Amino acid sequence: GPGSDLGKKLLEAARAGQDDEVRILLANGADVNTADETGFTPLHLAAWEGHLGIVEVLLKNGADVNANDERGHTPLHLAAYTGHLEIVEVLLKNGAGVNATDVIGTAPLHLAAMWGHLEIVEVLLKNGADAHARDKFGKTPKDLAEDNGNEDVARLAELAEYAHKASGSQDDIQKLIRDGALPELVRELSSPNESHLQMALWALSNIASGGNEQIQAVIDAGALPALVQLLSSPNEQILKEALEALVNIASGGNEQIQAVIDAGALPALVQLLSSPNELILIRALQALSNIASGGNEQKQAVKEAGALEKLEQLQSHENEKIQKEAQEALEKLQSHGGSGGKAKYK
């Protein structure tokens with residue numbers, strides 16, 4: 001009874017995937033945010049049915065990306081459930097709320113995880129989804145993935161939970177270590193899945209940023225050989241994250257610095273000073289500078305690795321941050337100019 005036939009026709013064209021009809025109806029003033037008695041909008045229908053072009057046209061015409069239906073689902077919930085990755089990406093690019101919850105506390109990540117849509121899980125996490133969100137019954141995305149036998153999703157969610165805790169308080173980090181997360185994180189430093197590597201590297205690097213006792217736990221779990229071997233990765237994001245973890249470990253005591261050297265870091269760090277990626281270059285430089293802040297045995301190892309000549313070359317680098325870091329590292333190694341301080345990635 002309520003509602004116009006023009007709005008009804010737009011809903012039906014969106015559901016049916018009739019792209020030109022959607023265009024024509026919108027051109028004739030059909031309300032892009034038409035909602036039936038259940039709060040279902042054209043954008044909900046297009047997301048559920050997987051019509052990417054229509055999703056894009058509706059958003060271009062002002063569709064409410066965060067419209068809720070009568071059970072609290074948004075279009076992002078529906079695209080995540082039905083497995084439409086590009087639609088998920090388009091919705092998020094247009095402002096979809098990644099942590100929207102329905103009337104029982106279910107978020108889009110719950111639905112993607114429960115139905116095994118791994119890439120969607122990755123995209124939701126990258127856009128800030130709460131990995132440990134609990135619905136009204138206490139279930140997390142990991143719980144639902146486990147209950148549905150999606151172990152790949154469950155493992156990523158577990159690593160994302162660890163990474164969240166590792167960015168938290170000192171008590172959070174201490175509980176992570178107590179509960180035995182470090183061996184799992186280190187094991188994942190050999191994973192062929194880049195998403196696992198990234199989560200594990202973030203968690204371990206963040207743990208190593210919170211004091212020498214926390215650095216020692218990371219060392220004792222065996223992280224150093226894996227971190228060093230990841231410096232041959234072809235993926236620049238992995239290189240950056242592995243280097244940040246090594247920077248943090250090398251901010252510790254001289255015996256911890258020596259552990260970095262003994263794990264083989266120096267040849268890779270010196271070579272990485274040649275990277276055209278200046279974020280990679282400066283992190284390798286900061287790792288070497290932290291190592292040079294150790295004792296004379298550590299300083300001498302850096303010199304024997306050939307770092308002096310490369311550091312001198314960097315004094316003419318166009319990047320002035322690199323120039324300054326290089327000068328400070330050289331002064332640390334040669335002329336007791338060790339006020340360069342310890343680099344740290346918090």
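Looking at the method and resolution fields of the entry, one finds X-ray crystallography and 1.40 Å.

A.B. asks: How do you make sense of the domain arrangement of the protein when you look at a structure like this?
C.D. replies: The figure often quoted for interface size is the accessible area lost as the parts come together. Partitioning the protein into structural domains gives domain 1 (5-151) and domain 2 (187-340). For domain 1 and domain 2, the distance between their C-alpha centroids amounts to 43 Å.

A.B. asks: Is there a simple way to explain unusual backbone geometry in this structure?
C.D. replies: Where the residue is not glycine, phi is negative for most of them; where a peptide bond is considered, it is trans in most cases. The phi angle at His336 is positive, at roughly 50°, despite the residue not being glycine. With respect to the secondary-structure elements, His336 resides in the segment after α22 (320-334).

A.B. asks: For this particular structure, what's the right way to read the layout of surface pockets?
C.D. replies: In this structure, the largest pocket encloses a volume near 590 Å³. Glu122, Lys126, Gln198, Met199 and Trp202 are the residues nearest the centre of the largest pocket, which is lined by 21 residues in total. The set of elements that each furnish at least two residues to the lining of the largest pocket consists of α8 (118-126), α10 (151-166), α13 (194-207) and α16 (236-249). By residue class, the composition of the lining of the largest pocket is 10 nonpolar, 7 polar and 4 charged. Residues from two domains meet in the lining of the largest pocket; each of domain 1 (5-151) and domain 2 (187-340) gives at least three. There is about 340 Å³ of room inside the second largest pocket. Lining of the second largest pocket is provided by 14 residues; of these, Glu161, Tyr162, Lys165, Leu176 and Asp179 occupy positions nearest its centre.

A.B. asks: So what exactly am I meant to see when it comes to the pattern of salt bridges here?
C.D. replies: Side-chain pairs of opposite charge can arise where the charged atoms are in close proximity. Using the criterion set out here, one finds 11 salt bridges in the structure. Between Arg15 and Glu12 there is a salt bridge, with the nearest N and O atoms lying 3.3 Å from each other. Linking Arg15 with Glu12, this pair stays in helix α1 (residues 5-16), spanning 3 residues, or about one helical turn. Overall, the relative accessible area of 39% leaves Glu12 in the partly exposed class. Close ionic contact of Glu158 with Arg155 constitutes a salt bridge, the shortest N to O distance being 2.8 Å. Of the two residues, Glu158 and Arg155 are both situated in helix α10; the distance of 3 residues between them amounts to about one turn of the helix.

A.B. asks: I tried to follow helix α6 (residues 85-93) on my own but got confused; where do I start?
C.D. replies: Three or four residues apart is the spacing at which side chains of an α-helix point the same way, because the helix has 3.6 residues per turn. All buried positions along α6 are accounted for by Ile87, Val88, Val90, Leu91 and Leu92. Looking at the packing, one finds that the buried side of α6 touches α3 (42-49), α4 (52-60), α5 (75-82) and α8. Directly after α6, the chain includes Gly95, whose backbone phi takes a positive value near 100°.

A.B. asks: Please explain the environment of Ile87 as it appears in this structure.
C.D. replies: Assignment of secondary structure puts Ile87 in helix α6. With 121 residues separating them along the chain, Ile87 and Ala208 place their C-alpha atoms 38 Å apart. Each residue touching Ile87, except ones within four places of it in the same chain, is listed here: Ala46, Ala47, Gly50, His51, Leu52, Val55 and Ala79.

A.B. asks: Which parts of the structure should I look at to understand the nonpolar core?
C.D. replies: Across soluble globular proteins, nonpolar side chains show a tendency to be buried alongside one another. Ranked by size, the top nonpolar core spans 113 residues in total, and within it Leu91, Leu124, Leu185 and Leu311 carry the most contacts. With 9 residues, helix α19 (residues 278-292) is the single largest residue contributor to this core. If you count residues domain by domain, this core takes at least three from each of domain 1 (5-151) and domain 2 (187-340). In contact with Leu185, other than residues within four places in its own chain, are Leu159, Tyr162, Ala200, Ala203, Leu204 and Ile207.

A.B. asks: Looking at this structure, I do not really get the packing of α5 against α6. What am I missing?
C.D. replies: To describe two helices that pack against each other, one gives the angle between their axes and the distance between the axes. Two numbers describe how α5 lies on α6: the axes approach to 9 Å, and their chain directions differ by 160°. Compared by their axis directions, α5 and α6 come out roughly antiparallel. Between α5 and α6 lies a crossing whose hand is left-handed. Across the interface between the two elements, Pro75, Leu76, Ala79 and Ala80 of α5 pack against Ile87, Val88, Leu91 and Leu92 of α6. In terms of residue class, the contact of α5 with α6 is built from 8 nonpolar, no polar and no charged.

A.B. asks: How do you make sense of the packing of aromatic side chains when you look at a structure like this?
C.D. replies: Given two aromatic rings, their pairing is described by the distance between the two centres and the angle made by the two planes. As enumerated under the stated definition, the model contains 2 aromatic pairs in all. Geometrically, the ring pair formed by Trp48 and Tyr81 is stacked, given 5.5 Å between the ring centres and 25° between the ring planes. In this pair, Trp48 sits in helix α3 while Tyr81 sits in helix α5, placing the two residues 33 residues apart along the sequence. The interplanar angle of 90° and the centroid separation of 6.5 Å between the aromatic rings of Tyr81 and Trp115 together place this pair among those described as edge-to-face. In this pair, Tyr81 is assigned in helix α5 and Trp115 in the loop between α7 (108-114) and α8, connecting sequence segments 34 residues apart. For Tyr81, a relative accessible area of 32% gives the class partly exposed. On the basis of relative accessible area, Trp115 is assigned to the partly exposed category, the value being 43%. Here a set of aromatic residues connected by ring pairs shows up, and it is made of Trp48, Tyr81 and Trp115.

What counts and how
- Residues numbered from 1 in each chain as written, not as in the entry; some residues may be left out.
- Heavy atoms only, no water.
- Domains from an automatic or database assignment.
- Helix = DSSP H or I, 4+ residues; strand = E, 2+ residues; numbered from the N terminus.
- 1 Å grid on protein atoms, 1.4 Å probe; cavity = no way out; pocket = protein on both sides within 12 Å on 5 of 7 lines; lining within 4 Å.
- Points joined across faces, edges and corners; volume = space filled by probe spheres on them.
- Nonpolar A, V, L, I, M, F, W, Y, C, P; charged D, E, K, R; others polar.
- Salt bridge = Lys/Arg side-chain N within 4 Å of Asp/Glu carboxyl O.
- Buried < 20%, exposed > 50% of the residue type's maximum accessible area, 1.4 Å probe, protein only.
- Contact = heavy atoms within 4.5 Å.
- Core = buried A, V, L, I, M, F, W, Y, C linked by side-chain atoms within 4.5 Å.
- Axes fitted to C-alpha atoms, helices over the stretch in contact; angles between N-to-C directions.
- Parallel < 35°, antiparallel > 145°, perpendicular 65-115°, else oblique.
- Left-handed = near helix turned anticlockwise from the far one by under 90°.
- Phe/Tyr/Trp six-rings, centres within 6.5 Å; stacked < 30°, edge-to-face > 60°.

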